[PDB]
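See below for the structure under consideration.
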Amino acid sequence: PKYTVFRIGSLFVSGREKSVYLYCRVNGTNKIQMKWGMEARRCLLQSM
Amino acid sequence: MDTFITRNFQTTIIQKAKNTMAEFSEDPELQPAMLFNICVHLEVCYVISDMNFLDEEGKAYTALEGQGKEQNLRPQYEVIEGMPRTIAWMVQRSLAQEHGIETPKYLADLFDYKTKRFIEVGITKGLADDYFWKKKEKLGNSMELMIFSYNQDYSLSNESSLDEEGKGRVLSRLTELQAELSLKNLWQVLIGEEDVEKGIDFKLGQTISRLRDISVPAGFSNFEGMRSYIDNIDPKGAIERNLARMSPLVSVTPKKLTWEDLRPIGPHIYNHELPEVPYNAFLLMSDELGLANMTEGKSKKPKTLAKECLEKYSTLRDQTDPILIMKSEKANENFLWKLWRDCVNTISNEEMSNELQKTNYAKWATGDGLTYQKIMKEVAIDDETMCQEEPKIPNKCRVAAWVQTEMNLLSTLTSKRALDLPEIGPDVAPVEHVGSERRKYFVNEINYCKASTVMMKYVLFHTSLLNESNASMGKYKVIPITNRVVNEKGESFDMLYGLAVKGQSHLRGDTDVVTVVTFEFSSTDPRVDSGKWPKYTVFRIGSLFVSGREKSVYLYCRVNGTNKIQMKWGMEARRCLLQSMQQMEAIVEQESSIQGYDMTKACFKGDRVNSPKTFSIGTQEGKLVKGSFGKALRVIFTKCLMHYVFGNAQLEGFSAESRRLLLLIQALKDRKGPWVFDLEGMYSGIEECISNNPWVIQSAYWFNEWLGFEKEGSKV
Amino acid sequence: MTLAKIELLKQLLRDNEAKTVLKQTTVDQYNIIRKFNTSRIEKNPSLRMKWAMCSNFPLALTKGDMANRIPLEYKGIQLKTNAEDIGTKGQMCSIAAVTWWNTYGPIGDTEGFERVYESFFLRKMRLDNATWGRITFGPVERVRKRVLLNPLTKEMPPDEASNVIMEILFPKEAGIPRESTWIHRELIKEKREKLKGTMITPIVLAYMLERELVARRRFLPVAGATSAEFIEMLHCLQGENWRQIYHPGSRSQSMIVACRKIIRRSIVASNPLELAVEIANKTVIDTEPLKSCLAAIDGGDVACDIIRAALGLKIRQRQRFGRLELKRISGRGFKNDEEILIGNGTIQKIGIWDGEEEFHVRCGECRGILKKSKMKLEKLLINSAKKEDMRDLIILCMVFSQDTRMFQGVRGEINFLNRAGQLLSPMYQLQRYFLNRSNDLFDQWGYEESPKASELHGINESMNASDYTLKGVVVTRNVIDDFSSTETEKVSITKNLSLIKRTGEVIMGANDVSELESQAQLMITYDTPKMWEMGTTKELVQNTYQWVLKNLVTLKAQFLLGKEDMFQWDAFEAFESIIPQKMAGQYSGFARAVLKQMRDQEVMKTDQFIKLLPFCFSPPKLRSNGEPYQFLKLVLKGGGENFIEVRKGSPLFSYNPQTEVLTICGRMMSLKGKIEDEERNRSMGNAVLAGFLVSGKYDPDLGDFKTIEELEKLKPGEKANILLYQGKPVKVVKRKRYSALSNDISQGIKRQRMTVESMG
Amino acid sequence: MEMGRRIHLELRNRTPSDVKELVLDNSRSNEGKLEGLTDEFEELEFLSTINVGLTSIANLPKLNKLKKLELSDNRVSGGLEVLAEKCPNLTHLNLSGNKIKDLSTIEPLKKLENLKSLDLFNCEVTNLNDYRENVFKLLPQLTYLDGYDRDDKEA
């Protein structure tokens, strides 16, 4: 309900045409959110 | 014509036609018709030569486009037209030698390989047969002929040379060209390949030639002489030669303008020997007495409203013994009183009709019968006593006092509001929200000023007058001076301000005058200031209590005349409101330009950061006084209303000519050092308009006072 | 009514005046006849309307059967009268009947308003979905500009607009469709279908279409966006001391690129004009030749102006020098040749302008006034618009002024050329040198004290609004409005594409175009082999397929005959350049065999035919035994995504039969279906009376005339008797083909110049 | 348009045993069936049924030569075991765009041994953990799938 989607073209993988859509979405985040995303690599240590 | 050639022809064909014309030393610009003919010739030749090819066997056939067959793709027709004359001649000779055919004595247009012949293509506006025979005679049988006409007919030497499609296409192009020319009207102007060597013919007759001969400047004796003189003689400093001898007594007389030169305009108003200016406005403004009746809100015919208003006040309705306070100079007390009594009886009559029941007494009360009888010119010529009336110039009056008091009083808030405006659609954009806030802040101020009520009364009276005049033409009518007033509590009082008898308005033209007599209720006894009312015959028809304080009630009666122009402008007097808002809007906008936010609340009432805006509005004892933003808006609105009510030729001549001094003062205040050429001329022009208009005299007085203030304040 | 028409005509003719005037004035003169009205125009409409509204029956009703729906007096209120009329010969009525009709009466059809008044509802849609923002109360700088008041579906000149309107809503009187209906065939068919099913009076529709097509332009004070969408709301958006944020609810770049490419292609050859115009009128942008957007916008880039001059169109007469648009104000400059030493030490013989002159100068968003004397710049006034634009303006005006300081400021060398490899005049060489190295004449130009004044403020060499400005340059904090009297004066075109005034003076030079490449945002489909041997493989494939698609009828017809002439077409030679040499022959043989099998043992299949035809240009190389090689994946130059699938589709080519659509190089095109039925559906636009040519006069042998519907019944090559325009009986022949006058003229010119060269 | 019209156009009013392929696309069907194909058909190799609104597989001629069949954009959700009793010679199966709920729907394909390629795109069953592996061990006869068994080859 929050995405704006187009249809740009079609790719071929095994001789078969598969469509390609472009999900365009506006978003808002701050520098601290950038730091949180950067630290999101800690999921590896968490799972371990 | 050249525009048509550019539009309907490709640049390539135009270039080829121009080259061909240059080869013949013929100017394309001077013979646009010939250029068009050459372009059409080239286009038809190319159209003929296209699409036609020869197969290997040599049989004519069609070849597709954008689809080549190696290199040759030999076309059926080789175009010879359009090449340079030398190149075309050489190509024709080469083809003749190669195919073993006789070389034509005249250059050909196309060559057909199939028939192995030289083909000439021609066009004409006349019959195809005639042009075909002419061309055959000129050229002979050595060349095949193909002539097409603009009327969808053609002459072909051989009918198999071109297929149906080619002839159809060439004819379609020719017909389209003809239709486009006819639409552009160039068809008639267009002249064919036999008349294009003549040009337009427009020669002057005998009388016009003689008029031209005698209408030549001094020193000449014939228009040929002037034409030759203008075409040949060269002036190389004639202006300086003339200036070197022109007298030095002619010059703009440039004199720098200082504050001292500016003097008060119209000093004669100060002089006390002249009479006080009278009240010449159509209706009373600051003296109107409103017979007010509370009503649920129903809108009713003015006659019924006046009937009910008088019914409430039985004492004034039934008053029948007047007490003449003053009969001005000429009007008759008996006529006016009897006419007013007939007015009251007609208004209070049971019948809905609002036309005078006498129809004969009013004829002499209004003075309709006191008119001259027009005779034919012959008797006037013969008679010696039929002279010409001397022009009646307006009186030269002095500054009155009622104008200032009315200016003050009409510009004050009153608990009563009448000005109401229709709704508009919801405001969704921020800009229209700001506009709505400003509009509300303005109407909250203007609505409660008495000038708004006076303006609405004038508008309603003139609307009713126009409606009555259009509906009723040759019968005397009774018209209440009605208004509607809503108080702060929402009670929609209906106010009757008087009555008016309308005369006979049967007028074909607009400038024709129609007479109306106005009787107006008022609470002012004229004896307090008799100089304001020299045009009014008044009574004393009783007294009334507003809240317990008894005050008299008089009836001001006066005969007047209007016309359809002023009658319409009465209903267009509402534009004063617009004039009041525009300027203030600009003012507010200027403030908004300074600091970012919106100030319409700050200028009007002020806020914690900015003080309320105050202008300079009045004065007292030589001390100028400030005034709130709302009061300044009221002053501007009243100024516009007065500009209307007291408007005539004098007001226009005064304003449009004192604007010169206004702009000169504005320039001086900015230290632009304005210079003037003839100051006394401007002053005389301005002051030849201050004769008898009360607003003009008061405008002159205020201008002088403000100029004195500016002079005293210029010291800094 | 036709009987009433003939009876009225007979009664009118019974008088001798009608007989003599009708038989005297031709159809063309009718206009004059119509204009001889009384002209007793009302002196004051307000008073007249006021009086009329109070009259018993001011409304002038047209005689008809509608009145019977309403009584002459309803609910004791008089509505209409049966008294005769002299002014209009109808009846009289009052607004009471109008209000009752709005209340009760016949109920009409609501469909027509969905499409008929499309422009108004589009205006409402753009208003409703618009998003508003803040209000900036600060002062707003506004420039006077020539702006289009309202958006247009397809901007066209007034004459083309009128012809299109007639071709839309006047099926009769459509003689000889011009070279304008084919350009606007899509608009013709769209509007025709939309307006069908209505009953509104034709004049209303004609006026609405004129509004929707004919452009309306005016001088307005604008600040910010300038598209018609913003101009519609300019009354609210703008403001002398207030501004509002507004967002209302392409082809230009493509045309710029196409015009530049055409200019570069034509210049390198001799006689550039004919080749350039051939390519211009043979080009197309996705539905229409280049004379569909060039004729739309006013002026444009120098390349577009030069092409329009080569074509038939009106161009603003501003003098283009590099990027500068110059408008002379006064003075006459004598162009005299002179020998001047350049700062590099070399000596050049070039033309210099003796005498003083002044020009309004524009460049991008920068406007200014320049005053120059011979061999010196004197004064320059500018407004702060943009750093890049201001620098370009300063440098270009510097070079144009031919100031001795500019010559003495050269430090490198001047031997440059263009993309076509030509040596330019020293003026344009200096222009390129200085633009490439902006900090060359700026350093040695010299500085001048700041313009001490209330508003006049200086600008430094770095374009920052810094004091200690350049000698002469001045930036005023005001609005400079220039370029008045856009006369579009007559301008000639030389063969070398360089324009000239009515006199011999040159306005636009062939080298004014800037050598900057971009990407066409649209399918730039040409029709000539010479053009498209520049771009990438994808462009070549797309253009070849478009060429095949456009002339599908001819190729399909030639397919039935079964001859090799069909395959040896020049259009495929360029395609040969993008097929591997070592394997192209095998592709040609395989495709030839497949298409022979298609012709022999099956029926029409357009998609595979189009897919397989182009590869057969090269000669085949059959198997040693003789059989053709078999493939299913045709590789193309560049590898990877540059490949064609024989079976169903690939990135460059895919046709879906479920919806019967064609996708070529990532672009969907509508193949309605197959068959001459789909051919005629493509021809569903065109123009009434487009398949018939004119030949002969009335020729009464056919008896009475026949309608368009009965005209179509005639087989090709027949003769029919028709009426052209307002009457004008003529004889016509049904066409067996479709024509293109531009193609014929271009081929004729090509043959003529081939002959000239061969003789030479 | 109807299945009958497509049959007539493809067969061109000839004997049923003259074409080894059919194209039943964009054809409206009665309650989601594949009528118009009589049991008299004896030779058929390729099939194509797209946008036919087929809801179940219960009407199909018995065959012994078909090797490919194509179903897509349908709301069919039911056991496919009937294919074994109708034509146990399928090699290419395409269910792209169909509506299948869980893994159990594709179970009945075990009894078929000639199937080598199966297609299931944007299917509700396709969005599961180890769906690729689970299907593979559930249909050992399968040699191909949506295209990435081990490599990429074309039908």
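We label chains A, B, ... in the order they appear in the structure tokens, count residues from 1 in each chain, and number ligands from 1 in the order shown.
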
(request) Please provide as a list in words all residues within 10 Å of segment 6-21 of chain A, with the sequence filter that same-chain residues fewer than 5 positions apart are discarded (counting only C-alpha atoms). (result) residues 641, 645, 647, 648, 649, 650, 651, 654, 663, 665, 666 and 667 of chain C; 146, 147, 148, 151, 152, 153, 154 and 155 of chain D

Could you write out that same residue set with C-alpha atoms as a short mmCIF file (atom, residue, chain, number, x, y, z; two decimals), in the first residue's frame?
```
data_model
loop_
_atom_site.label_atom_id
_atom_site.label_comp_id
_atom_site.auth_asym_id
_atom_site.auth_seq_id
_atom_site.Cartn_x
_atom_site.Cartn_y
_atom_site.Cartn_z
CA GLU C 641 21.72 -9.00 -25.14
CA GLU C 645 15.24 -15.57 -31.00
CA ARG C 647 10.98 -19.10 -32.11
CA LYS C 648 9.06 -16.59 -29.96
CA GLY C 649 10.97 -13.44 -29.00
CA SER C 650 14.06 -11.87 -27.51
CA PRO C 651 15.14 -8.58 -25.86
CA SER C 654 9.05 -10.14 -29.06
CA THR C 663 7.85 -5.07 -28.66
CA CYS C 665 14.10 -2.80 -28.60
CA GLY C 666 11.97 -2.20 -25.53
CA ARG C 667 9.16 -0.32 -27.27
CA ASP D 146 11.50 -23.85 -13.47
CA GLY D 147 14.87 -23.83 -15.22
CA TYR D 148 17.70 -24.25 -12.70
CA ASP D 151 22.05 -25.72 -15.87
CA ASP D 152 19.92 -23.80 -18.39
CA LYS D 153 18.52 -25.47 -21.52
CA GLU D 154 15.48 -24.56 -23.60
CA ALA D 155 12.38 -26.60 -24.46
#
```

(message) For residue 315 of chain C, find every residue with an atom within 9 Å (counting only C-alpha atoms), except residues of its own chain fewer than 2 positions away, and show them as a PyMOL selection string.
(response) chain C and resi 298-300+305-306+308-309+313+317-318+488-489+491

Next, dump the selected residues to file, keeping only C-alpha atoms, as an mmCIF file, in the first residue's frame.
```
data_model
loop_
_atom_site.group_PDB
_atom_site.id
_atom_site.type_symbol
_atom_site.label_atom_id
_atom_site.label_comp_id
_atom_site.auth_asym_id
_atom_site.auth_seq_id
_atom_site.Cartn_x
_atom_site.Cartn_y
_atom_site.Cartn_z
ATOM 1 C CA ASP C 298 8.250 28.960 -31.080
ATOM 2 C CA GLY C 299 11.881 29.074 -32.170
ATOM 3 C CA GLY C 300 14.187 26.829 -30.178
ATOM 4 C CA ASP C 305 15.849 27.169 -36.415
ATOM 5 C CA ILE C 306 18.157 26.200 -39.284
ATOM 6 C CA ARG C 308 12.841 25.122 -39.953
ATOM 7 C CA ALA C 309 14.421 27.581 -42.377
ATOM 8 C CA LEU C 313 8.239 27.423 -41.117
ATOM 9 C CA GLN C 317 14.804 36.584 -36.403
ATOM 10 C CA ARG C 318 17.154 36.814 -33.408
ATOM 11 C CA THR C 488 9.782 36.897 -37.931
ATOM 12 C CA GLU C 489 11.041 38.938 -40.873
ATOM 13 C CA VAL C 491 14.880 35.178 -44.029
#
```

(request) Pick out the residues sitting within 8 Å of residue 320 of chain C, and hand them over as a ChimeraX atom specification; count only C-alpha atoms, and ignore anything fewer than 2 positions along from it in its own chain. (result) /C:302,318,322-326,507-509,512

Output N, CA, C and O atoms for every residue in the selection just made, as a tab-separated table (two decimals), in the first residue's frame.
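Result file is again.tsv:
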```tsv
chain	number	residue	atom	x	y	z
C	302	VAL	N	19.39	26.51	-32.12
C	302	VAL	CA	19.82	27.03	-33.41
C	302	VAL	C	19.66	25.97	-34.49
C	302	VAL	O	19.31	26.27	-35.64
C	318	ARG	N	16.04	36.49	-34.29
C	318	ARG	CA	17.15	36.81	-33.41
C	318	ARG	C	18.46	36.27	-33.98
C	318	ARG	O	18.50	35.17	-34.54
C	322	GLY	N	27.03	31.52	-31.60
C	322	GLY	CA	27.31	30.51	-30.60
C	322	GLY	C	26.04	30.15	-29.86
C	322	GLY	O	25.16	29.48	-30.41
C	323	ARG	N	25.93	30.59	-28.60
C	323	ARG	CA	24.69	30.48	-27.85
C	323	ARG	C	23.97	31.81	-27.68
C	323	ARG	O	22.79	31.80	-27.32
C	324	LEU	N	24.63	32.93	-27.93
C	324	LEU	CA	24.02	34.24	-27.72
C	324	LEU	C	22.89	34.48	-28.70
C	324	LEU	O	23.04	34.24	-29.90
C	325	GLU	N	21.77	34.98	-28.19
C	325	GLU	CA	20.71	35.55	-29.00
C	325	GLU	C	20.83	37.07	-28.93
C	325	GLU	O	20.71	37.65	-27.84
C	326	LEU	N	21.08	37.69	-30.07
C	326	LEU	CA	21.34	39.12	-30.17
C	326	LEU	C	20.21	39.79	-30.93
C	326	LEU	O	19.76	39.28	-31.96
C	507	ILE	N	22.58	35.86	-40.62
C	507	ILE	CA	22.02	35.87	-39.28
C	507	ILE	C	22.49	34.63	-38.53
C	507	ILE	O	23.18	34.73	-37.51
C	508	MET	N	22.14	33.45	-39.04
C	508	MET	CA	22.55	32.18	-38.46
C	508	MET	C	23.56	31.51	-39.38
C	508	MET	O	23.33	31.42	-40.59
C	509	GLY	N	24.67	31.06	-38.81
C	509	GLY	CA	25.66	30.31	-39.54
C	509	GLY	C	25.51	28.82	-39.33
C	509	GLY	O	24.94	28.37	-38.33
C	512	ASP	N	26.81	27.48	-35.88
C	512	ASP	CA	26.31	27.93	-34.59
C	512	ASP	C	25.96	26.76	-33.68
C	512	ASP	O	26.09	26.86	-32.46
```

(request) Would you please give, as a PyMOL selection string, all residues of chain A that DSSP assigns to helix (DSSP H, G or I) based on the backbone? (result) chain A and resi 31-47

Writing out the chosen residues with C-alpha atoms as a CSV table (one decimal), in the first residue's frame:
```csv
chain,number,residue,atom,x,y,z
A,31,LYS,CA,22.0,9.9,10.5
A,32,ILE,CA,21.4,7.7,13.6
A,33,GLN,CA,19.3,5.5,11.4
A,34,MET,CA,22.2,5.2,9.0
A,35,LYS,CA,24.4,4.2,11.9
A,36,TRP,CA,21.9,1.6,12.9
A,37,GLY,CA,21.8,0.2,9.4
A,38,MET,CA,25.6,0.1,9.3
A,39,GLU,CA,25.6,-1.8,12.7
A,40,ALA,CA,22.9,-4.2,11.3
A,41,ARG,CA,25.9,-6.5,10.5
A,42,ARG,CA,25.8,-7.5,14.2
A,43,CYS,CA,23.1,-10.0,13.3
A,44,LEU,CA,25.9,-12.4,12.4
A,45,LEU,CA,27.4,-12.2,15.9
A,46,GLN,CA,24.0,-12.4,17.4
A,47,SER,CA,23.1,-15.6,15.6
```

(request) Write out as a list in words every residue belonging to chain C that has an atom at most 10 Å from any atom of chain D, counting only C-alpha atoms. (result)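 Here is what falls inside 10 Å: residues 657, 658 and 659 of chain C.
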
For those residues, write N, CA, C and O atoms to a file as a compact mmCIF listing (two decimals), in the first residue's frame.
```txt
# COMPACT_ATOMS: atom_id res chain seq x y z
N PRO C 657 0.89 -12.87 -29.38
CA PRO C 657 -0.36 -12.98 -30.14
C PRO C 657 -1.61 -12.95 -29.28
O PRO C 657 -2.71 -12.77 -29.84
N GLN C 658 -1.50 -13.13 -27.97
CA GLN C 658 -2.69 -13.07 -27.12
C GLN C 658 -3.35 -11.69 -27.21
O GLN C 658 -4.58 -11.59 -27.30
N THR C 659 -2.54 -10.63 -27.19
CA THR C 659 -3.01 -9.28 -27.43
C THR C 659 -2.53 -8.72 -28.76
O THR C 659 -2.85 -7.58 -29.09
```

(request) For residue 691 of chain B, work out the shell of residues within 12 Å, counting only C-alpha atoms and skipping chain neighbours fewer than 3 positions away, then give it as number ranges by chain. (result) B: 266-269, 274-278, 393-399, 648-651, 653-654, 686-688, 694-698, 700

Can you write out the residues you just picked, keeping C-alpha atoms, as an mmCIF file, in the first residue's frame?
```
data_model
loop_
_atom_site.group_PDB
_atom_site.id
_atom_site.type_symbol
_atom_site.label_atom_id
_atom_site.label_comp_id
_atom_site.auth_asym_id
_atom_site.auth_seq_id
_atom_site.Cartn_x
_atom_site.Cartn_y
_atom_site.Cartn_z
ATOM 1 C CA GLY B 266 -7.458 78.566 -5.611
ATOM 2 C CA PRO B 267 -7.014 81.428 -3.150
ATOM 3 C CA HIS B 268 -10.507 82.722 -3.961
ATOM 4 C CA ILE B 269 -12.103 80.059 -1.744
ATOM 5 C CA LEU B 274 -18.154 84.977 -2.135
ATOM 6 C CA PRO B 275 -21.180 82.871 -1.176
ATOM 7 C CA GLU B 276 -20.895 79.669 0.811
ATOM 8 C CA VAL B 277 -21.016 76.577 -1.392
ATOM 9 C CA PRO B 278 -24.462 74.909 -1.367
ATOM 10 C CA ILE B 393 -21.036 80.032 -15.930
ATOM 11 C CA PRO B 394 -20.901 78.388 -12.480
ATOM 12 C CA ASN B 395 -20.763 80.654 -9.458
ATOM 13 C CA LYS B 396 -17.442 81.351 -7.734
ATOM 14 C CA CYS B 397 -18.033 80.258 -4.139
ATOM 15 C CA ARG B 398 -16.048 79.936 -0.907
ATOM 16 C CA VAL B 399 -15.163 77.157 1.521
ATOM 17 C CA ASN B 648 -18.794 66.267 -12.600
ATOM 18 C CA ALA B 649 -16.626 67.952 -15.227
ATOM 19 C CA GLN B 650 -15.090 70.270 -12.630
ATOM 20 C CA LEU B 651 -13.931 67.365 -10.462
ATOM 21 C CA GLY B 653 -10.570 68.786 -14.591
ATOM 22 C CA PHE B 654 -9.353 69.464 -11.061
ATOM 23 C CA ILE B 686 -5.928 73.631 -11.950
ATOM 24 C CA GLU B 687 -7.648 76.681 -10.472
ATOM 25 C CA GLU B 688 -9.988 77.176 -13.442
ATOM 26 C CA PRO B 694 -18.227 71.408 -2.808
ATOM 27 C CA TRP B 695 -15.824 68.491 -3.053
ATOM 28 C CA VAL B 696 -13.535 70.441 -5.384
ATOM 29 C CA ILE B 697 -13.402 73.397 -2.988
ATOM 30 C CA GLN B 698 -12.724 71.151 0.006
ATOM 31 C CA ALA B 700 -8.393 72.545 -2.744
#
```

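Note that the spacing between atom CA of residue 225 of chain B and atom CA of residue 238 of chain B amounts to 19.5 Å.
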
Report as an mmCIF file with C-alpha atoms, in the first residue's frame all protein, DNA and RNA residues lying within 9 Å of residue 33 of chain D, evaluated on only C-alpha atoms, omitting residues in the same chain fewer than 2 positions from it.
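The resulting out09.cif:
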```cif
data_model
loop_
_atom_site.group_PDB
_atom_site.id
_atom_site.type_symbol
_atom_site.label_atom_id
_atom_site.label_comp_id
_atom_site.auth_asym_id
_atom_site.auth_seq_id
_atom_site.Cartn_x
_atom_site.Cartn_y
_atom_site.Cartn_z
ATOM 1 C CA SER D 29 -15.305 -21.993 -20.999
ATOM 2 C CA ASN D 30 -18.500 -23.276 -19.394
ATOM 3 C CA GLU D 31 -17.906 -23.413 -15.626
ATOM 4 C CA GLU D 35 -14.952 -28.658 -23.930
ATOM 5 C CA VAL D 52 -9.218 -20.352 -20.281
ATOM 6 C CA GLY D 53 -10.477 -20.131 -16.694
ATOM 7 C CA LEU D 54 -9.993 -23.867 -16.188
ATOM 8 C CA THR D 55 -10.899 -24.783 -12.603
ATOM 9 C CA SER D 56 -10.436 -28.570 -12.713
ATOM 10 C CA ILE D 57 -9.036 -31.356 -14.872
ATOM 11 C CA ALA D 58 -11.855 -33.851 -15.424
ATOM 12 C CA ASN D 59 -12.492 -33.805 -19.208
#
```

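The residue set within 8 Å of residue 23 of chain A, counting only C-alpha atoms and dropping same-chain residues fewer than 4 places from it, reads residues 3, 4, 5 and 6 of chain A.
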
Writing out the chosen residues with N, CA and C atoms as a CSV table (one decimal), in the first residue's frame:
```
chain,number,residue,atom,x,y,z
A,3,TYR,N,3.9,1.6,-2.0
A,3,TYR,CA,4.9,1.6,-3.1
A,3,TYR,C,4.2,2.1,-4.4
A,4,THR,N,5.0,2.8,-5.2
A,4,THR,CA,4.7,3.1,-6.5
A,4,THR,C,5.5,2.3,-7.5
A,5,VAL,N,4.8,1.5,-8.3
A,5,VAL,CA,5.5,0.5,-9.1
A,5,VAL,C,5.2,0.7,-10.6
A,6,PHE,N,6.2,0.6,-11.4
A,6,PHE,CA,6.1,0.7,-12.9
A,6,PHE,C,6.5,-0.7,-13.4
```

(message) Quick one: residues within 12 Å of residue 84 of chain D, only C-alpha atoms, excluding same-chain residues fewer than 2 positions away - as a PyMOL selection string?
(response) chain D and resi 57+60+62-64+79-82+86-90+108-115

Would you write out those residues with C-alpha atoms, as a short mmCIF file (atom, residue, chain, number, x, y, z; two decimals), in the first residue's frame?
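The file below, again.cif, is the result:
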```cif
data_model
loop_
_atom_site.label_atom_id
_atom_site.label_comp_id
_atom_site.auth_asym_id
_atom_site.auth_seq_id
_atom_site.Cartn_x
_atom_site.Cartn_y
_atom_site.Cartn_z
CA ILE D 57 -9.04 -31.36 -14.87
CA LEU D 60 -9.61 -34.88 -21.45
CA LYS D 62 -7.26 -40.53 -23.51
CA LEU D 63 -3.95 -40.18 -25.33
CA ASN D 64 -0.64 -41.97 -25.77
CA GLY D 79 -5.52 -33.54 -7.85
CA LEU D 80 -3.77 -34.15 -11.17
CA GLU D 81 -3.64 -37.94 -10.77
CA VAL D 82 -6.21 -38.22 -13.58
CA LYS D 86 -5.62 -40.17 -19.33
CA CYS D 87 -2.11 -39.70 -20.76
CA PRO D 88 0.88 -41.07 -18.77
CA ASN D 89 3.32 -39.84 -21.42
CA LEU D 90 3.85 -36.20 -20.40
CA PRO D 108 -0.21 -37.23 -7.60
CA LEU D 109 2.52 -36.66 -10.20
CA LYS D 110 4.68 -39.37 -8.57
CA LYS D 111 2.94 -42.17 -10.48
CA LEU D 112 3.91 -40.46 -13.75
CA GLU D 113 7.47 -41.34 -14.77
CA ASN D 114 7.93 -39.65 -18.17
CA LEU D 115 7.73 -36.08 -16.82
#
```

(request) Among the residues of chain A, find those DSSP assigns to strand (DSSP E) from the backbone and print them as JSON, numbers by chain. (result) {"A": [4, 5, 6, 7, 8, 9, 10, 11, 12, 17, 18, 19, 20, 21, 22, 23, 24]}

(request) For chain C, work out the contacting residues on chain B at 8 Å, counting only C-alpha atoms, and write them as a ChimeraX atom specification. (result) /B:6-12,43,46-47,49-51,64,66-70,78-79,83,87,91,151-153,164-165,167-169,171-173,175-176,182-183,429-431,467,470-471,568,589-590,592-598
